[PDB]
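Colleague: Following this message is one structure expressed as structure tokens.
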Amino acid sequence: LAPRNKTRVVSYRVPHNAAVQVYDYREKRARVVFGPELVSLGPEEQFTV
Amino acid sequence: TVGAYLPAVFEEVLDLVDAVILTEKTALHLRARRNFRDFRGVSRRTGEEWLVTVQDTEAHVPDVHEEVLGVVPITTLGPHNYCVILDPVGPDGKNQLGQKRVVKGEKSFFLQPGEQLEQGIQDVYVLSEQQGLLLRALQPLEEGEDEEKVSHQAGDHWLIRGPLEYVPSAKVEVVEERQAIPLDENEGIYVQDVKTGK
Amino acid sequence: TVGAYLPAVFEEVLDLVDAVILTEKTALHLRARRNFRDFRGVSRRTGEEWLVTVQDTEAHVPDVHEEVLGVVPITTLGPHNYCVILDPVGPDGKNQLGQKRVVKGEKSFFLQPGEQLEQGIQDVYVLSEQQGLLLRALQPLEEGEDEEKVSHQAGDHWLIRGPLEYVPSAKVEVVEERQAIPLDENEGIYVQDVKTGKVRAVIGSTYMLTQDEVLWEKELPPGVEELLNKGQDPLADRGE
């Protein structure tokens, strides 16, 4: 409902069985992370929808 | 001469000039109409203005030559106050026109004949650890009132933060009040270093 | 003579001329009606105008010959101020007509009889690192107030940027205020070097356009512009 802050780092809390792959476009390195960790996007990391 | 004065045949009495009582918070701002020497013993030119304080006389009486422009109240600054004097008085006694001088705290001074405050009794910038300041050196190589005596060039910015009671000099100019953004672990912001573009 | 003056049989009193009080912020602008020598001791020609300041006399009285045109206030410049004097006074005392002179900061001076300000008390150009200036040498070989003492020819532009408190000289002319465009990695602009005609893609740090570069508009073919705005992620946006 409330609009998000564009300044803040986009963080997505990954569940223990789910898996998200992020594309760090600045260095062309693709990493996929899973577990209890919340992944934090960099300046150009984007989620795999 | 104190008492009943009997004027001579040649002298025509106009009025009794009242001596103005000078307190530590007031001083007499007066010009000179003719070249003369006052009761202090220093010759004053025509049109020269100066201040009479308590250190000279407790009760000065506006002289026949001296034209009192009005009393001047004291310009007192607390320990958390600063002010910018427009056209300050130099060592020669004349105004340094076009220049400005900053006065620090706890200095009760009188506004000299020509000196003006830029904005009044301003407040000095005290800053916490998570508070700060973005500046702009209006001139070149200030290299003053800096802990590392670093000298900024004219037009570049720098950051002053932390527990510092900072008073902006005549060369620098405060751009914006900057506040630190409280971020814990796995949280943060996206800063853009515009000097390098990244 | 100070006091009650008794005029003679030959002299007819017209009026008491009042001496004008000169302060450090004012001076007397007056011409001369006849050839004479003033109280300073320098002979003045007919029609010559000059200034009387506090360094000469604290209270000068407009002489019978001298015609006071009016008081002149001081032209004070702060440390962040400059001004352009139109027709300045040279070493011979006469005006250098058609020329202009720039005055730097912190110099309180009086406008001489003939000198005019071009636009008033202008502000000197201070520039940040990501700010800058595009100039135009109205004359040839300025080779002045330049760090490398480089001499531009007449009509060519150059770029001044960085922490420089720059004051435009009488020969140069500021064309436009130029600002550096903040670009991070994998982002950039299309600059067009019009001196050589070629267009390149600058990507990397925050690039600032040089003296002979203009932004080039890449015209994409129609349809492609829709696929870049719509197709942000075709792996997820594929059903339409």
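Labels for the structure tokens follow display order: chains A, B, ..., residues from 1 in each chain, ligands from 1.
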Pull out every residue of chain A that has at least one atom within 8 Å of chain B, counting only C-alpha atoms, and report them as a list in words.

Modeller: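 Listed by rising number, the hits are residues 7, 8, 9, 11, 38, 40 and 43 of chain A.
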
Colleague: Using N, CA and C atoms, can you export the residues from the last selection as a JSON list (two decimals), in the first residue's frame?

Modeller:
```json
[["chain", "number", "residue", "atom", "x", "y", "z"],
["A", 7, "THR", "N", 15.50, 4.76, -2.93],
["A", 7, "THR", "CA", 16.90, 4.86, -2.52],
["A", 7, "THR", "C", 17.39, 3.57, -1.88],
["A", 8, "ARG", "N", 16.56, 2.95, -1.04],
["A", 8, "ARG", "CA", 16.97, 1.82, -0.22],
["A", 8, "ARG", "C", 17.27, 0.60, -1.07],
["A", 9, "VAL", "N", 18.16, -0.26, -0.56],
["A", 9, "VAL", "CA", 18.56, -1.46, -1.28],
["A", 9, "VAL", "C", 17.39, -2.43, -1.30],
["A", 11, "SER", "N", 15.71, -5.59, -0.97],
["A", 11, "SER", "CA", 16.01, -6.83, -0.27],
["A", 11, "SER", "C", 14.78, -7.73, -0.30],
["A", 38, "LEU", "N", 18.25, -13.28, 3.19],
["A", 38, "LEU", "CA", 17.64, -12.26, 2.35],
["A", 38, "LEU", "C", 18.70, -11.73, 1.41],
["A", 40, "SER", "N", 20.31, -9.10, -1.21],
["A", 40, "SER", "CA", 20.32, -7.66, -1.39],
["A", 40, "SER", "C", 20.85, -7.35, -2.77],
["A", 43, "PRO", "N", 23.96, -2.32, -7.27],
["A", 43, "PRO", "CA", 23.53, -1.21, -8.13],
["A", 43, "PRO", "C", 22.82, -1.66, -9.39]]
```

Colleague: As an mmCIF file with N, CA, C and O atoms, in the first residue's frame, please: the residues near range 163-166 of chain C (cut-off 6 Å, only C-alpha atoms, same-chain neighbours under 4 positions excluded).

Modeller:
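To be explicit, this is the file written out as result-v6.cif:
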```
data_model
loop_
_atom_site.group_PDB
_atom_site.id
_atom_site.type_symbol
_atom_site.label_atom_id
_atom_site.label_comp_id
_atom_site.auth_asym_id
_atom_site.auth_seq_id
_atom_site.Cartn_x
_atom_site.Cartn_y
_atom_site.Cartn_z
ATOM 1 N N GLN B 153 39.948 23.799 -2.464
ATOM 2 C CA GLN B 153 40.109 24.769 -3.550
ATOM 3 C C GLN B 153 38.809 25.540 -3.689
ATOM 4 O O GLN B 153 37.816 25.216 -3.056
ATOM 5 N N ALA B 154 38.774 26.550 -4.544
ATOM 6 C CA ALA B 154 37.557 27.315 -4.631
ATOM 7 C C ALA B 154 36.461 26.659 -5.424
ATOM 8 O O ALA B 154 36.580 26.457 -6.606
ATOM 9 N N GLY B 155 35.381 26.346 -4.746
ATOM 10 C CA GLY B 155 34.193 25.766 -5.329
ATOM 11 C C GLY B 155 33.937 24.319 -4.974
ATOM 12 O O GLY B 155 32.820 23.844 -5.199
ATOM 13 N N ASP B 156 34.912 23.605 -4.426
ATOM 14 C CA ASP B 156 34.705 22.209 -4.096
ATOM 15 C C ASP B 156 34.112 22.057 -2.699
ATOM 16 O O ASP B 156 34.330 22.892 -1.817
ATOM 17 N N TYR C 125 32.574 33.495 -11.285
ATOM 18 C CA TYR C 125 32.133 32.127 -11.522
ATOM 19 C C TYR C 125 32.977 31.191 -10.676
ATOM 20 O O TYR C 125 34.152 30.960 -10.980
ATOM 21 N N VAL C 126 32.406 30.672 -9.604
ATOM 22 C CA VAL C 126 33.010 29.558 -8.889
ATOM 23 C C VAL C 126 32.377 28.280 -9.413
ATOM 24 O O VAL C 126 31.204 28.262 -9.815
ATOM 25 N N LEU C 127 33.184 27.229 -9.521
ATOM 26 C CA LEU C 127 32.760 25.990 -10.157
ATOM 27 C C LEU C 127 33.154 24.815 -9.278
ATOM 28 O O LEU C 127 34.218 24.822 -8.656
ATOM 29 N N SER C 128 32.296 23.806 -9.228
ATOM 30 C CA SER C 128 32.604 22.576 -8.517
ATOM 31 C C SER C 128 33.384 21.645 -9.443
ATOM 32 O O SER C 128 33.796 22.026 -10.542
ATOM 33 N N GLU C 129 33.616 20.407 -9.004
ATOM 34 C CA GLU C 129 34.287 19.437 -9.862
ATOM 35 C C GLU C 129 33.377 18.992 -11.003
ATOM 36 O O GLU C 129 33.820 18.877 -12.148
#
```

Colleague: Within 7 Å of chain B, which residues of chain C are there when counting only C-alpha atoms? Please give them as a PyMOL selection string.

Modeller: chain C and resi 21-23+58-59+76-80+106+108+126-130+163-165+182-185+205-206

Colleague: For each of C:110, C:150, C:159, C:208, take the minimum atom-to-atom distance to residue 188 in chain C, counting only C-alpha atoms, then give the residue where this is smallest.

Modeller: C:208

Colleague: Kindly assemble as CSV a list of the chain A residues that lie within 8 Å of chain C, each paired with its nearest atom pair and their distance in Å to one decimal, using only C-alpha atoms, sorted first by chain and then by ascending residue number.

Modeller:
```
residue,atom,partner,partner_atom,distance
A:26,CA,C:186,CA,6.4
A:48,CA,C:236,CA,7.6
A:49,CA,C:236,CA,4.9
```

Colleague: As a list in words, please: the residues near residue 64 in chain C (cut-off 12 Å, only C-alpha atoms, same-chain neighbours under 5 positions excluded).

Modeller: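 The filter keeps residues 14, 15, 16, 17, 18, 30, 31, 32, 33, 34, 35, 36, 37 and 38 of chain C.
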